[PDB]
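S.K.: Once you've had a glance at the structure underneath, I'll fire off some questions.
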Amino acid sequence: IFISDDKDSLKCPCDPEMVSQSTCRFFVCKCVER
Amino acid sequence: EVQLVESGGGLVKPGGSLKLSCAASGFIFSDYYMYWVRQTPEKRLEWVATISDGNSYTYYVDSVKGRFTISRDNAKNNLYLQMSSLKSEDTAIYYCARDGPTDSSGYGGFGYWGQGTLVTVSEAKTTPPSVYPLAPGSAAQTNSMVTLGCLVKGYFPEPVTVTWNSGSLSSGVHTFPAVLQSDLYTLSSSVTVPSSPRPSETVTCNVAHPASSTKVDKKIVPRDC
Amino acid sequence: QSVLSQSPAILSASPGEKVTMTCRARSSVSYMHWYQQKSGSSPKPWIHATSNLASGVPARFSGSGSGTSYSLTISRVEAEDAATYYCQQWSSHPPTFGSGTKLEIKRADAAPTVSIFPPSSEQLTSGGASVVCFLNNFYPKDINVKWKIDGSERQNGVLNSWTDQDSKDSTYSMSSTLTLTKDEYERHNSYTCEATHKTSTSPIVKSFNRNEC
């Protein structure tokens, strides 16, 4: 999983991107561990 | 403004250990990952390790794993690199660092860096510096302006801090890079000033060698016979 | 893993020109990072996500690429641009840095202000004897300097240090030190620096003699 609402549930190697608009958060990982 | 203040770097015999620590302020420490990144003395840039936030998952570079331990004390806005079993290729400048500000972050980029802390790994006994002042011999008089120096000679390990009239003089100072000799460094530093300021005003070179704590002021006095 | 190489290593431009420096990857990556660095201080973020200007950073700068091809470009280079620049990706773990391109800035030749100093009373005091020559704000970086005792006999036992291109002169500058015993410093009268730079057609020379004030 590469996007979520709990930042932590993302277990991303680098800091996930916060994509917030008005009311709307979501966090997305841009760093990939193969 | 953000700030990330690294410390406790220094010298250590091969096999030894050290615990670097970095002081974060200017933000909410616990909303960010932290990273340690270092720069070998050939200027090669290596990411060394990453500690998350909230739950605190830690990730390492291979060549280092289970010798170093990254960590955070969120209660003291503080980041740690525990280092054991040191090899000499770990000799480097260690930088703690974190992702960028809002609009410019979340990409795997390092948006603010600490100021560095120098890690030396070696057999050689830590020696303090010798400061001598370089002042003119014979003529080499009014060119309208003159040139003096400190010679900072004898020491181990880097770094030092040379400074003129305690920072009052930066205009027209050249500080040369340390040159390693037999297990020991030398450094030189010249200043140019209008020959009216000299010796009529006073010129002092203030060098600090924190690894022995030397802190010496060489006053550059005209030459006697 | 995703090892980056950067071309060229040393790029040279006069103030006014556009220059481009490129950063290849072993495989795909969707974002490149550039940090500018200058001696004494740590990398500053320059370009974020392939092509955003880290706040502060002159609009003469720009970045792009995609896949395995990225670069950073300056429209019109200045002097305050002399620096090393580094690429950095984190598309794929671990993250890596290129070995980084170094811009140097062209300027008209400028000739060294050379000045010499005898060992100091103190130094002598303690058994060491060291002589030093300063050679300051020249261009281009190609100097070399010869040590001559008494009658011009050359010596080794010498140590050289250079600065980086000044960010305002666009100059270079350089320190040389000779280190002999106290005896050997006493037991020889005259001392000479020989600096051979494009600008004079014959060695620029400072010198003094050892029974002097």
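S.K.: Within the range B:60-77, how many residues are more than 16 Å from B:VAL119 (Cβ to Cβ) and either aliphatic (A, V, I, L, M) or away from every other protein chain (no Cβ under 13 Å) (or both)?
M.R.: In the first step, residues of the range B:60-77 are kept if they are more than 16 Å from B:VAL119 (Cβ to Cβ); the result is B:60, B:62, B:65-66, B:71-77.
Going one step further and asking which of them are either aliphatic (A, V, I, L, M) or away from every other protein chain (no Cβ under 13 Å) (or both), we end up with B:66, B:71-77.
Summing the residues that are more than 16 Å from B:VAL119 (Cβ to Cβ) and either aliphatic (A, V, I, L, M) or away from every other protein chain (no Cβ under 13 Å) (or both) in the range B:60-77 gives 8.
S.K.: Checking the condition assigned by CATH to the domain that holds C:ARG24 and surrounded by fewer than 19 Cβ atoms within 10 Å (Cβ to Cβ), which residue from C:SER62, C:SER126, C:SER121, C:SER71 passes? I'd like the intermediate steps shown before the answer.
M.R.: Details: C:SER126 fails: assigned by CATH to the domain that holds C:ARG24; C:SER121 fails: assigned by CATH to the domain that holds C:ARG24; C:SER71 fails: surrounded by fewer than 19 Cβ atoms within 10 Å (Cβ to Cβ).
Only one candidate qualifies: C:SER62.
S.K.: Quick check: anything in the range C:23-32 aliphatic (A, V, I, L, M), more than 10 Å from chain B (Cβ to nearest Cβ) and either within 24 Å of B:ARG38 (Cα to Cα) or surrounded by fewer than 16 Cβ atoms within 10 Å (Cβ to Cβ) (or both)?
M.R.: So the first thing to find is which residues in the range C:23-32 are aliphatic (A, V, I, L, M), and the list is C:25, C:29, C:32.
Those left that are additionally more than 10 Å from chain B (Cβ to nearest Cβ): C:25.
Those left that are additionally either within 24 Å of B:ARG38 (Cα to Cα) or surrounded by fewer than 16 Cβ atoms within 10 Å (Cβ to Cβ) (or both): C:25.
Yes, the range C:23-32 contains a residue that is aliphatic (A, V, I, L, M), more than 10 Å from chain B (Cβ to nearest Cβ) and either within 24 Å of B:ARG38 (Cα to Cα) or surrounded by fewer than 16 Cβ atoms within 10 Å (Cβ to Cβ) (or both).
S.K.: Here is a further query. Would a scan of the range B:139-154 turn up a residue that is in contact with a helix residue (DSSP H, G or I) (Cβ under 6 Å, 6 or more places away or on another chain) and either touching a residue at least 40 places away in the same chain (Cβ under 8 Å) or of a type in the set (A, V, I, L, M) (or both)? I'd like the intermediate steps shown before the answer.
M.R.: Of the residues in the range B:139-154, the ones in contact with a helix residue (DSSP H, G or I) (Cβ under 6 Å, 6 or more places away or on another chain) are none.
Within the range B:139-154 (the criterion being in contact with a helix residue (DSSP H, G or I) (Cβ under 6 Å, 6 or more places away or on another chain) and either touching a residue at least 40 places away in the same chain (Cβ under 8 Å) or of a type in the set (A, V, I, L, M) (or both)), the answer is no, since none of the residues qualifies.
S.K.: I've got another one for you. If a residue must be part of a strand (DSSP E or B) and either more than 18 Å from the chain's Cα centre (by Cα) or of a type in the set (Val, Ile, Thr) (or both), how many such residues does the range B:165-183 contain?
M.R.: Just the residues of the range B:165-183 that are part of a strand (DSSP E or B), to begin with: B:169, B:173-180.
Going one step further and asking which of them are either more than 18 Å from the chain's Cα centre (by Cα) or of a type in the set (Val, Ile, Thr) (or both), we end up with B:169, B:173, B:175, B:179.
Qualifying residue count, the range B:165-183: 4.
S.K.: Among the strands (runs of 3 or more DSSP E) confined wholly to the range C:38-95, which include 3 or more residues that are more than 11 Å from chain B (Cβ to nearest Cβ), farther than 18 Å from B:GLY100 by Cα and not acidic (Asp, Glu)?
M.R.: Numbers: elements: C:44-48, C:61-66, C:69-74, C:83-89.
The strands (runs of 3 or more DSSP E) meeting that bar are C:61-66, C:69-74.
S.K.: To continue, here is another question. Report the residue count in the range B:81-123 for those that are part of a loop (DSSP other than H, G, I, E, B), surrounded by 20 or more Cβ atoms within 10 Å (Cβ to Cβ) and more than 14 Å from every other protein chain (Cβ to nearest Cβ).
M.R.: 1
S.K.: Please return the ranges of strands (runs of 3 or more DSSP E) entirely within the range C:97-205 where 1 or more residues are closer than 30 Å to C:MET32 by Cβ and in contact with a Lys or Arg (Cβ under 9 Å, 6 or more places away or on another chain).
M.R.: C:101-105
S.K.: Next question, about the same structure. Filter the range B:42-59 down to the residues that are facing another protein chain (nearest Cβ under 7 Å) and of a type in the set (S, T, N, Q), then identify the one that is nearest to B:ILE70 (Cα to Cα).
M.R.: B:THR50
S.K.: Kindly establish whether B:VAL2 is surrounded by fewer than 20 Cβ atoms within 10 Å (Cβ to Cβ), within 14 Å of chain C (Cβ to nearest Cβ) and touching a residue at least 40 places away in the same chain (Cβ under 8 Å). Before you say what the answer is, go through the steps one by one.
M.R.: Working: surrounded by fewer than 20 Cβ atoms within 10 Å (Cβ to Cβ): yes; within 14 Å of chain C (Cβ to nearest Cβ): yes; touching a residue at least 40 places away in the same chain (Cβ under 8 Å): yes.
Yes, satisfied.
S.K.: Starting from the range C:106-117, take each residue that is closer than 24 Å to C:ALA83 by Cα and list its partners that are in a loop (DSSP other than H, G, I, E, B) and of a type in the set (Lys, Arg), counting only C-beta distances under 8 angstrom and pairs at least six apart or across chains.
M.R.: C:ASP109/C:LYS198
S.K.: Same structure again: May I ask you to list the residues in the range C:170-213 that are over 30 Å from C:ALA79 (Cβ atoms), among the basic types (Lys, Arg) and within 12 Å of chain B (Cβ to nearest Cβ)?
M.R.: Within the range C:170-213, just C:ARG210 meets the criteria.
S.K.: Now a separate question. State all residues of the range B:124-160 that are more than 20 Å from the chain's Cα centre (by Cα) and part of a loop (DSSP other than H, G, I, E, B); if no residue qualifies, say none. Walk me through how you get there before you give the answer.
M.R.: Step one: list which residues in the range B:124-160 are more than 20 Å from the chain's Cα centre (by Cα), which gives B:132-149.
If the condition is that a residue be more than 20 Å from the chain's Cα centre (by Cα) and part of a loop (DSSP other than H, G, I, E, B), then B:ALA135, B:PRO136, B:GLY137, B:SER138, B:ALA139, B:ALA140, B:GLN141, B:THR142, B:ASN143, B:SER144 are the ones that fit.
Positions of Cβ are generated from backbone atoms using ideal geometry, with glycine treated the same way; all protein chains shown enter the neighbour counts. Numbers and lists here come from the model and the stated rules, or from a named source; nothing here is a laboratory result.
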